[PDB]
Amino acid sequence: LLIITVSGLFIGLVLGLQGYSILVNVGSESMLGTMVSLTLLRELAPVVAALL
Amino acid sequence: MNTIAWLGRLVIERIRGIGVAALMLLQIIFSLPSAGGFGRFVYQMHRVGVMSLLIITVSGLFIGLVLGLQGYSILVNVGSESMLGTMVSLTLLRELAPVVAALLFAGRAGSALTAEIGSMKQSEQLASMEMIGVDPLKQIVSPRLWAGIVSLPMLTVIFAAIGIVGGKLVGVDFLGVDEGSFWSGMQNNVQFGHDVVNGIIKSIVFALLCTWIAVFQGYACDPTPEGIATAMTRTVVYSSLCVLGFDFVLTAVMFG
Amino acid sequence: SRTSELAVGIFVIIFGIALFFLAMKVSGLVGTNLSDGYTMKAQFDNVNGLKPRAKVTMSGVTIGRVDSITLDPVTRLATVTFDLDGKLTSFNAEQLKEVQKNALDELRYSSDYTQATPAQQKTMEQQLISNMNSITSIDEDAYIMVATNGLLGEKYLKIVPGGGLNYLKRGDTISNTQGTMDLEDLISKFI
Amino acid sequence: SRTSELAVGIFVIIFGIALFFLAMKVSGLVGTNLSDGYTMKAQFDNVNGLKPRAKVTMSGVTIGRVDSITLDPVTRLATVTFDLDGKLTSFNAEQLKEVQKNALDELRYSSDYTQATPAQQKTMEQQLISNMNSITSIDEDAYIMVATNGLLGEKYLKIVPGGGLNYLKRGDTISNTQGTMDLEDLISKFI
Ligand SMILES: CCCCCC/C=C/CCCCCCCCCC(=O)O[C@H](COC(=O)CCCCCCCCCCCCCCC)COP(=O)(O)OC[C@@H](O)CO
Ligand SMILES: CCCCCC/C=C\CCCCCCCCCC(=O)O[C@H](COC(=O)CCCCCCCCCCCCCCC)COP(=O)(O)OC[C@@H](O)CO
Ligand SMILES: CCCCCC/C=C\CCCCCCCCCC(=O)O[C@H](COC(=O)CCCCCCCCCCCCCCC)COP(=O)(O)OC[C@@H](O)CO
Ligand SMILES: CCCCCC/C=C\CCCCCCCCCC(=O)O[C@H](COC(=O)CCCCCCCCCCCCCCC)COP(=O)(O)OC[C@@H](O)CO
């Protein structure tokens with residue numbers, strides 16, 4: 001429970017920092033919560049939690 | 001307060017463990033080279049680098065296949081399927097190829113370094129080498145440290161190269177985007193100094209952390225058959241937290 | 001060193017629980033309060049795309065949120081209720097005296113001296129007790145409208161101030177509105 | 001063992017918290033529950049992009065969802081069935097009287113009194129007793145259209161009321177439609 005909790009927080013910090021830089025140039029910073037939640041829920045949270 | 005005292009005693013021995021591993025690293029990298037030490041380094045490039053070549057090649061192809069399949073579904077609804085090669089190459093070069101190749105290096109080549117050094121300690125080859133008059137930090141530990149710092153940045157470049165080849169294979173050759181627009185959009189937005197060299201600078205920082213942890217846990221092991229196995233799962237946990245922790249710090253500097 | 005193990009053991013448990021109380025605060029669960037928020041309401045004719053917990057701005061700066069949107073199926077109007085802030089829309093103490101004497105001196109000018117009775121400053125006494133209790137910065141002839149935040153933004157409410165002698169009280173209803181503009185109706189409106 | 005069963009019970013508390021946050025803060029799950037909703041259907045000539053479980057709005061307020069879209073290859077017009085609501089679209093006790101007296105007044109005004117025979121208002125009471133058995137808010141010359149929110153968003157159905165005296169029953173067919181407008185539709189309009 002301790003490796004999974006801290007690794008999930010560090011990955012969400014990188015997703016919100018990288019995803020803001022993409023979306024702010026096309027005028028869609030309101031879609032930040034959509035791309036953060038949909039990247040985790042369908043790609044990154046099943047795969048990275050299975051590698052740890 | 002019986003477990004509260006146990007919890008405080010636990011994190012003090014872990015703080016003291018970082019102090020031993022810091023003084024162990026400064027004793028390796030600040031010393032003169034010796035006789036026959038290059039040939040021991042080329043032997044450990046075979047055990048650390050060449051043995052990891054099959055997990056890295058197949059895992060890079062499978063990840064590039066998912067990126068070209070998911071990235072086509074996003075871009076086709078906004079009329080920008082020509083930017084598929086830009087988003088596939090820029091996702092690997094700055095995020096995924098430094099990080100995922102360091103999580104498979106900590107599992108295969110990191111956990112095998114702390115089992116080889118740890119079984120030398122149990123069977124008393126490290127104590128027998130010391131009483132002969134040879135420092136085992138120079139003979140045994142120091143070729144294994146340098147072979148991991150060199151082999152992981154050489155393996156994320158092969159990781160990123162097959163990820164782009166795998167993403168071109170599903171995008172161009174199966175989903176049917178234009179081949180000339182795949183490479184021309186990539187050669188326009190991807191820079192060498194800002195995107196390719198910044199991915200190599202990440203994987204040198206990760207190779208130092210993943211190998212210094214793996215080498216320390218085998219040297220400061222507990223020479224007991226389930227004291228070695230407790231150490232092998234400590235190099236996979238501590239390296240994965242350090243890779244994901246230093247990844248946020250390096251993107252906030254490079255791409256922030 | 002048993003006193004040392006007890007201090008590092010306590011600091012870890014305190015830090016671990018205080019992160020959990022901070023994680024439930026930045027996650028939209030329990031908490032999420034606001035600086036003495038009162039509640040206004042308004043009635044539009046088309047609120048298409050406005051969702052609850054949206055944003056309310058006066059001059060670009062967010063002053064509130066949106067609470068609920070309901071339909072009245074006898075008169076074909078939508079009724080939005082939203083909740084504002086006290087630190088951003090209410091005069092603390094001093095500005096209360098300042099907008100008192102500006103609305104008093106503008107009312108008691110040479111235009112309304114001849115219109116009203118010559119027993120003046122009696123309406124200044126009656127209007128001042130109605131000013132002090134529960135007044136906001138939204139004057140009587142401002143209007144609210146549904147805006148769209150650039151070109152790909154979400155949707156939100158915008159209060160456009162203008163004019164104003166008397167003000168609206170906390171709880172009132174803004175009676176100058178204009179709803180949104182659908183892009184199907186834009187092209188048509190054109191030709 | 002009493003600790004290990006106590007610690008596993010905390011691992012099920014934190015799992016239940018996270019499944020609560022994922023379902024009812026991140027997804028649309030808690031906001032899909034319709035109150036005694038009936039079912040209507042319309043028939044279009046272009047439903048391209050309309051998905052099931054899409055949205056139905058009247059004035060910007062969501063009043064239903066979309067259930068099923070099929071061809072009917074004998075007439076080759078697509079048929080959408082959608083289910084509306086009880087509260088936001090059907091009348092109640094006070095409102096039914098408020099439309100029953102005016103539906104006789106819109107009928108038996110000065111204009112359409114001497115349009116039927118010289119008989120009494122029992123047939124104009126028949127137009128009252130034809131009403132209250134399962135009426136809606138939608139009249140008979142409202143139209144429905146496949147609109148799109150924003151200019152890169154999803155597609156939903158939009159009910160636009162207008163004019164009209166009588167009211168549709170629960171379960172009928174709205175008979176004025178217009179389908180989607182894609183890029184080749186927008187061009188042929190302007191020329
Ligand atoms: C708006 C500006 C746009 C950017 C313009 C840049 C244009 C692109 C050109 C070149 C790319 C420059 C980007 C910054 C480079 C990051 C440097 C860095 O991150 O430095 C790394 C520090 O890493 C660690 O300690 C982890 C510690 C991280 C904290 C270090 C803080 C760095 C502060 C100095 C860096 C100056 C940044 C200059 C960029 C503006 C060292 O990397 P290595 O050489 O491998 O050392 C090997 C290690 O084992 C150390 O022994
Ligand atoms: C910015 C400055 C440089 C960046 C480094 C910064 C880090 C701090 C300084 C590091 C260098 C200090 C020099 C001292 C190095 C100390 C390590 C050392 O000296 O290790 C030596 C190994 O040889 C060895 O250099 C290992 C042999 C060479 C290893 C590296 C090989 C380089 C080849 C790849 C280089 C990449 C370039 C490619 C570019 C595209 C000696 O080990 P042993 O012989 O087995 O001992 C055994 C006996 O004592 C008893 O049995
Ligand atoms: C432009 C794009 C750039 C891209 C560049 C190209 C990328 C690289 C391309 C190809 C890389 C291929 C990887 C080669 C792996 C070499 C591994 C190796 O060579 O290691 C060997 C063993 O490998 C072993 O286990 C044998 C290892 C397992 C064998 C594999 C078995 C699985 C395959 C069979 C199943 C078929 C697959 C299913 C398909 C339907 C060494 O033998 P050892 O006895 O251990 O050591 C002996 C020493 O003491 C002295 O010699
Ligand atoms: C809405 C959003 C939803 C999100 C929901 C919330 C998410 C979950 C929240 C929090 C989860 C916290 C994780 C708790 C970890 C519990 C681990 C545990 O409880 O395990 C214990 C040991 O942990 C141990 O090693 C002690 C483990 C190491 C201690 C940690 C030390 C690092 C911290 C100190 C440094 C501070 C950090 C630096 C900050 C600047 C058990 O002890 P054992 O002796 O091994 O077994 C005993 C058995 O035989 C019988 O009892």
# chains A, B, ... in the order shown; residues from 1 in each chain; ligands from 1
call {"tool": "interface_residues", "arguments": {"of": "chain C", "to": "chain A", "cutoff": "8 Å", "atoms": "only C-alpha atoms", "output": "list in words"}}
result
residues 151, 152, 153 and 154 of chain C
call {"tool": "interface_residues", "arguments": {"of": "chain B", "to": "chain D", "cutoff": "12 Å", "atoms": "only C-alpha atoms", "output": "list in words"}}
result
residues 3, 77, 78 and 79 of chain B
call {"tool": "closest_atom_pairs", "arguments": {"of": "chain C", "to": "chain D", "cutoff": "12 Å", "atoms": "only C-alpha atoms", "output": "Markdown table"}}
result
| residue | atom | partner | partner_atom | distance |
| --- | --- | --- | --- | --- |
| C:20 | CA | D:14 | CA | 11.0 |
| C:23 | CA | D:18 | CA | 11.8 |
| C:24 | CA | D:21 | CA | 10.3 |
| C:27 | CA | D:21 | CA | 8.6 |
| C:28 | CA | D:25 | CA | 7.8 |
| C:29 | CA | D:21 | CA | 8.2 |
| C:30 | CA | D:21 | CA | 11.5 |
| C:43 | CA | D:59 | CA | 11.5 |
| C:44 | CA | D:59 | CA | 9.1 |
| C:45 | CA | D:59 | CA | 6.7 |
| C:46 | CA | D:59 | CA | 5.0 |
| C:47 | CA | D:60 | CA | 4.5 |
| C:48 | CA | D:60 | CA | 3.5 |
| C:49 | CA | D:60 | CA | 6.3 |
| C:50 | CA | D:60 | CA | 7.3 |
| C:51 | CA | D:61 | CA | 9.0 |
| C:52 | CA | D:61 | CA | 10.9 |
| C:68 | CA | D:61 | CA | 10.6 |
| C:69 | CA | D:61 | CA | 7.2 |
| C:70 | CA | D:61 | CA | 7.0 |
| C:71 | CA | D:88 | CA | 6.2 |
| C:72 | CA | D:88 | CA | 7.2 |
| C:73 | CA | D:89 | CA | 6.0 |
| C:74 | CA | D:95 | CA | 6.9 |
| C:75 | CA | D:137 | CA | 9.8 |
| C:76 | CA | D:59 | CA | 7.3 |
| C:77 | CA | D:59 | CA | 7.3 |
| C:78 | CA | D:59 | CA | 6.9 |
| C:79 | CA | D:61 | CA | 9.9 |
| C:80 | CA | D:61 | CA | 10.4 |
| C:146 | CA | D:60 | CA | 11.2 |
| C:147 | CA | D:150 | CA | 11.9 |
| C:148 | CA | D:150 | CA | 8.9 |
| C:149 | CA | D:150 | CA | 11.1 |
| C:150 | CA | D:150 | CA | 11.2 |
| C:151 | CA | D:150 | CA | 8.4 |
| C:152 | CA | D:150 | CA | 6.9 |
| C:153 | CA | D:150 | CA | 8.4 |
| C:154 | CA | D:150 | CA | 8.4 |
| C:155 | CA | D:150 | CA | 9.6 |
| C:179 | CA | D:60 | CA | 9.7 |
| C:180 | CA | D:60 | CA | 9.1 |
| C:181 | CA | D:150 | CA | 10.5 |
| C:182 | CA | D:149 | CA | 8.2 |
| C:183 | CA | D:150 | CA | 7.6 |
| C:184 | CA | D:147 | CA | 7.4 |
| C:185 | CA | D:147 | CA | 10.4 |
| C:186 | CA | D:186 | CA | 11.9 |
| C:187 | CA | D:186 | CA | 8.5 |
| C:188 | CA | D:189 | CA | 9.1 |
| C:189 | CA | D:190 | CA | 11.8 |
| C:190 | CA | D:190 | CA | 9.3 |
| C:191 | CA | D:190 | CA | 6.6 |
call {"tool": "closest_residue", "arguments": {"among": "B:92, B:155, B:45, B:103", "to": "chain A", "atoms": "only C-alpha atoms"}}
result
B:103
call {"tool": "residues_near_ligand", "arguments": {"ligand": "ligand 4", "cutoff": "9 Å", "atoms": "only C-alpha atoms and all ligand atoms", "output": "ChimeraX atom specification"}}
result
/A:1-6 /B:3,6-8,10-11,14 /C:8-9,11-13,15-17,19-20,23-29 /D:1-7,11,13-22
call {"tool": "residues_near_ligand", "arguments": {"ligand": "ligand 1", "cutoff": "10 Å", "atoms": "only C-alpha atoms and all ligand atoms", "output": "MDAnalysis selection string"}}
result
chainID B and resid 149 191:209 246:256
call {"tool": "residues_around", "arguments": {"residues": "residue 83 of chain C", "least_positions_apart": "5", "cutoff": "12 Å", "atoms": "only C-alpha atoms", "output": "PyMOL selection string"}}
result
chain C and resi 33-42+52-57+62-68+89+157+170-172
call {"tool": "write_last_selection", "arguments": {"atoms": "C-alpha atoms", "output": "PDB file, in the first residue's frame"}}
result
ATOM      1  CA  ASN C  33     -16.767  26.173   1.884  1.00  0.00           C
ATOM      2  CA  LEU C  34     -16.977  29.865   1.035  1.00  0.00           C
ATOM      3  CA  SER C  35     -16.741  33.298   2.674  1.00  0.00           C
ATOM      4  CA  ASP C  36     -20.290  33.947   4.043  1.00  0.00           C
ATOM      5  CA  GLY C  37     -21.923  33.143   0.725  1.00  0.00           C
ATOM      6  CA  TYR C  38     -25.418  34.516   0.273  1.00  0.00           C
ATOM      7  CA  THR C  39     -27.657  33.490  -2.615  1.00  0.00           C
ATOM      8  CA  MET C  40     -29.131  35.306  -5.614  1.00  0.00           C
ATOM      9  CA  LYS C  41     -31.310  33.995  -8.427  1.00  0.00           C
ATOM     10  CA  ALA C  42     -32.094  34.878 -12.032  1.00  0.00           C
ATOM     11  CA  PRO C  52     -24.044  23.419 -12.009  1.00  0.00           C
ATOM     12  CA  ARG C  53     -20.920  24.392 -10.061  1.00  0.00           C
ATOM     13  CA  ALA C  54     -20.030  26.733 -12.918  1.00  0.00           C
ATOM     14  CA  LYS C  55     -18.362  30.113 -12.543  1.00  0.00           C
ATOM     15  CA  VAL C  56     -19.745  33.640 -12.002  1.00  0.00           C
ATOM     16  CA  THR C  57     -17.632  36.671 -12.939  1.00  0.00           C
ATOM     17  CA  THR C  62     -14.634  34.907 -10.273  1.00  0.00           C
ATOM     18  CA  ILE C  63     -17.024  36.015  -7.521  1.00  0.00           C
ATOM     19  CA  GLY C  64     -19.187  32.935  -7.068  1.00  0.00           C
ATOM     20  CA  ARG C  65     -20.410  29.555  -8.260  1.00  0.00           C
ATOM     21  CA  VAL C  66     -23.659  28.170  -9.672  1.00  0.00           C
ATOM     22  CA  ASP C  67     -25.949  26.064  -7.458  1.00  0.00           C
ATOM     23  CA  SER C  68     -28.936  24.657  -9.378  1.00  0.00           C
ATOM     24  CA  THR C  89     -19.344  41.882  -3.435  1.00  0.00           C
ATOM     25  CA  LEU C 157     -22.413  33.596 -16.014  1.00  0.00           C
ATOM     26  CA  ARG C 170     -29.055  39.692  -0.617  1.00  0.00           C
ATOM     27  CA  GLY C 171     -31.596  37.182  -1.871  1.00  0.00           C
ATOM     28  CA  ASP C 172     -33.056  39.308  -4.666  1.00  0.00           C
TER      29      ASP C 172
END
call {"tool": "closest_residue", "arguments": {"among": "C:107, C:125, C:132, C:112", "to": "residue 93 of chain C", "atoms": "only C-alpha atoms"}}
result
C:132
call {"tool": "interface_residues", "arguments": {"of": "chain A", "to": "chain B", "cutoff": "10 Å", "atoms": "only C-alpha atoms", "output": "ChimeraX atom specification"}}
result
/A:3-4,6-15,17-18,20-21,43,48,51-52
call {"tool": "residues_near_ligand", "arguments": {"ligand": "ligand 3", "cutoff": "12 Å", "atoms": "only C-alpha atoms and all ligand atoms", "output": "PyMOL selection string"}}
result
chain B and resi 43-61+154-169
call {"tool": "write_last_selection", "arguments": {"atoms": "N, CA and C atoms", "output": "short mmCIF file (atom, residue, chain, number, x, y, z; two decimals), in the first residue's frame"}}
result
data_model
loop_
_atom_site.label_atom_id
_atom_site.label_comp_id
_atom_site.auth_asym_id
_atom_site.auth_seq_id
_atom_site.Cartn_x
_atom_site.Cartn_y
_atom_site.Cartn_z
N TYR B 43 33.54 -7.19 -19.25
CA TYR B 43 32.81 -8.40 -18.90
C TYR B 43 31.48 -8.08 -18.24
N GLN B 44 31.42 -7.04 -17.42
CA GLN B 44 30.17 -6.68 -16.78
C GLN B 44 29.25 -5.89 -17.69
N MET B 45 29.73 -5.40 -18.83
CA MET B 45 28.82 -4.85 -19.82
C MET B 45 28.05 -5.95 -20.52
N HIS B 46 28.57 -7.17 -20.49
CA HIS B 46 27.87 -8.32 -21.05
C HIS B 46 26.78 -8.81 -20.11
N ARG B 47 27.03 -8.76 -18.80
CA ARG B 47 26.08 -9.29 -17.85
C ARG B 47 24.95 -8.31 -17.58
N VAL B 48 25.25 -7.02 -17.55
CA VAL B 48 24.24 -6.02 -17.27
C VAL B 48 23.58 -5.52 -18.55
N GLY B 49 24.38 -5.21 -19.57
CA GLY B 49 23.85 -4.61 -20.77
C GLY B 49 23.27 -5.57 -21.78
N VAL B 50 24.04 -6.58 -22.17
CA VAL B 50 23.62 -7.45 -23.26
C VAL B 50 22.53 -8.41 -22.80
N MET B 51 22.52 -8.77 -21.52
CA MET B 51 21.48 -9.65 -21.01
C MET B 51 20.12 -8.95 -20.94
N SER B 52 20.12 -7.63 -20.80
CA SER B 52 18.89 -6.85 -20.74
C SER B 52 18.38 -6.45 -22.11
N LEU B 53 19.02 -6.90 -23.18
CA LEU B 53 18.67 -6.42 -24.51
C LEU B 53 17.39 -7.03 -25.03
N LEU B 54 16.96 -8.16 -24.50
CA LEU B 54 15.78 -8.82 -25.04
C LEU B 54 14.50 -8.35 -24.36
N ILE B 55 14.56 -8.02 -23.07
CA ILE B 55 13.38 -7.47 -22.43
C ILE B 55 13.14 -6.03 -22.90
N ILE B 56 14.20 -5.29 -23.20
CA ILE B 56 14.07 -3.88 -23.56
C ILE B 56 13.54 -3.74 -24.99
N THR B 57 13.97 -4.63 -25.89
CA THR B 57 13.57 -4.53 -27.29
C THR B 57 12.10 -4.90 -27.48
N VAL B 58 11.65 -5.96 -26.82
CA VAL B 58 10.26 -6.39 -26.99
C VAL B 58 9.31 -5.47 -26.24
N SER B 59 9.73 -4.91 -25.11
CA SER B 59 8.85 -4.02 -24.37
C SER B 59 8.73 -2.66 -25.04
N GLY B 60 9.76 -2.24 -25.77
CA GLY B 60 9.66 -0.99 -26.50
C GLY B 60 8.77 -1.09 -27.71
N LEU B 61 8.72 -2.26 -28.33
CA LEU B 61 7.85 -2.46 -29.48
C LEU B 61 6.39 -2.51 -29.06
N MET B 154 22.35 3.65 -22.93
CA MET B 154 22.43 2.99 -24.21
C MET B 154 21.20 2.16 -24.51
N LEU B 155 20.39 1.86 -23.50
CA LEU B 155 19.22 1.01 -23.68
C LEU B 155 17.92 1.79 -23.79
N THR B 156 17.89 3.06 -23.37
CA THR B 156 16.71 3.87 -23.64
C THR B 156 16.72 4.46 -25.04
N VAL B 157 17.89 4.57 -25.66
CA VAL B 157 17.94 5.00 -27.05
C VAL B 157 17.43 3.89 -27.96
N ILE B 158 17.73 2.64 -27.62
CA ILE B 158 17.16 1.52 -28.36
C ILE B 158 15.69 1.35 -28.02
N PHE B 159 15.28 1.75 -26.81
CA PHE B 159 13.87 1.70 -26.45
C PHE B 159 13.05 2.70 -27.26
N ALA B 160 13.56 3.92 -27.40
CA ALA B 160 12.84 4.95 -28.13
C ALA B 160 12.86 4.72 -29.63
N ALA B 161 13.89 4.05 -30.15
CA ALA B 161 13.97 3.83 -31.58
C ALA B 161 12.98 2.78 -32.06
N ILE B 162 12.79 1.70 -31.30
CA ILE B 162 11.81 0.70 -31.70
C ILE B 162 10.39 1.13 -31.34
N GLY B 163 10.23 2.04 -30.39
CA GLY B 163 8.91 2.56 -30.11
C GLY B 163 8.37 3.42 -31.23
N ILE B 164 9.24 4.15 -31.91
CA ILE B 164 8.83 4.95 -33.06
C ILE B 164 8.62 4.06 -34.28
N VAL B 165 9.44 3.02 -34.42
CA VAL B 165 9.26 2.06 -35.51
C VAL B 165 7.99 1.25 -35.29
N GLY B 166 7.69 0.91 -34.04
CA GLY B 166 6.44 0.21 -33.76
C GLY B 166 5.22 1.09 -33.91
N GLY B 167 5.35 2.38 -33.64
CA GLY B 167 4.23 3.28 -33.83
C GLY B 167 4.01 3.68 -35.26
N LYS B 168 5.07 3.67 -36.07
CA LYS B 168 4.92 3.86 -37.50
C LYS B 168 4.27 2.66 -38.16
N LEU B 169 4.47 1.47 -37.59
CA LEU B 169 3.95 0.26 -38.21
C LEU B 169 2.45 0.13 -38.03
#
call {"tool": "residues_near_ligand", "arguments": {"ligand": "ligand 2", "cutoff": "7 Å", "atoms": "only C-alpha atoms and all ligand atoms", "output": "ChimeraX atom specification"}}
result
/B:28-38,40-41,134-136,138-140,142-143,146,150
call {"tool": "atom_distance", "arguments": {"atom1": "atom CA of residue 121 of chain B", "atom2": "atom CA of residue 12 of chain B"}}
result
24.8 Å
call {"tool": "residues_around", "arguments": {"residues": "residue 184 of chain B", "least_positions_apart": "2", "cutoff": "12 Å", "atoms": "only C-alpha atoms", "output": "PyMOL selection string"}}
result
chain B and resi 82-86+178-182+186-190
call {"tool": "write_last_selection", "arguments": {"atoms": "C-alpha atoms", "output": "compact mmCIF listing (two decimals), in the first residue's frame"}}
result
# COMPACT_ATOMS: atom_id res chain seq x y z
CA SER B 82 -0.73 14.17 -39.71
CA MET B 83 0.53 14.99 -36.20
CA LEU B 84 0.66 11.31 -35.27
CA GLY B 85 4.42 11.04 -35.68
CA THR B 86 4.93 14.17 -33.60
CA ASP B 178 0.51 9.24 -45.18
CA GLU B 179 4.12 8.10 -44.84
CA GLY B 180 5.66 11.37 -46.01
CA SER B 181 3.59 13.37 -43.54
CA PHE B 182 4.60 11.01 -40.72
CA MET B 186 8.38 14.64 -36.93
CA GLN B 187 11.41 16.37 -38.44
CA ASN B 188 9.75 19.77 -37.97
CA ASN B 189 8.71 19.76 -34.30
CA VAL B 190 11.29 17.42 -32.77
call {"tool": "atom_distance", "arguments": {"atom1": "atom CA of residue 170 of chain B", "atom2": "atom CA of residue 94 of chain B"}}
result
21.1 Å
